[PDB]
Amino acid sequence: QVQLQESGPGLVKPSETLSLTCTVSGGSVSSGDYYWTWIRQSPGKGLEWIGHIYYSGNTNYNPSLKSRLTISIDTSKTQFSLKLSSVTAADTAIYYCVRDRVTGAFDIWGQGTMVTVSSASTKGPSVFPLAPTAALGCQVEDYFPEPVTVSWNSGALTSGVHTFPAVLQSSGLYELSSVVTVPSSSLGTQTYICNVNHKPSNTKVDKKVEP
């Protein structure tokens, strides 16, 4: 079972170039049955097919992005890449690398990566406890850009966890909460740690929540 995964900056400045790389792991990129494709998704233009590349070196690209598009392939590292030139805020989207059967079907997608086009620089989040069934959580704020991942006790605690969509602050940075409900008796024995990871700034914060 093949898996695809994107890597690259979550934040790129205007007039700069967006460079994304897909790592095809578990399978060979030198297969004739598939087209190695990029697709993005944003609120202003929905799901949008960007283009693809065949293992023989041939591309196609979407005519709407014909000018600033460059899709390469690297059979040595089983990677294929994407380059988008002189980006604007309209290029802010979630970008996916996708396996497309030659018969025509996007049967394997990557998880996707969020790309924000902004002149501002990254900032790691501040994490503050939401202390006390009983409800507790973590306040994650003062970060940019999206996204942040929040896990509880390194993934051991997953039931009843709710991580809310971030909203904007007056500063223009993001802010969210991650909450989880627990039995009120566990507050004297069990410790609860929220694990906040912010890749665009390479910021990891573990925060202990106590009564």
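In case it trips you up, residue 1 is the first one in the sequence shown, and so on.
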| query | finding |
| --- | --- |
| Between 150 to 158 and 62 to 70 (mean CA B-factor, as deposited), the higher | 62 to 70 |
| Mean C-alpha temperature factor, higher of 74 to 82 and 87 to 95 | 74 to 82 |
| C-alpha B-factor winner, where the candidates are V196, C22, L18, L187 | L187 |
| Residue with maximal Cα B-factor (values as given in the PDB entry) among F164, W49, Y143, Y34 | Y34 |
| Third of the chain, ranked by Cα B-factor, where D206 sits | middle |
| Chain third (lowest, middle, highest) by recorded CA B-factor, residue given as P129 | middle |
| Among modelled residues of the same chain, the CA temperature factor third for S177 | lowest |
| Chain-wide C-alpha B factor ranking for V102, given as lowest, middle or highest third | highest |
| Chain-wide C-alpha B factor ranking for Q3, given as lowest, middle or highest third | middle |
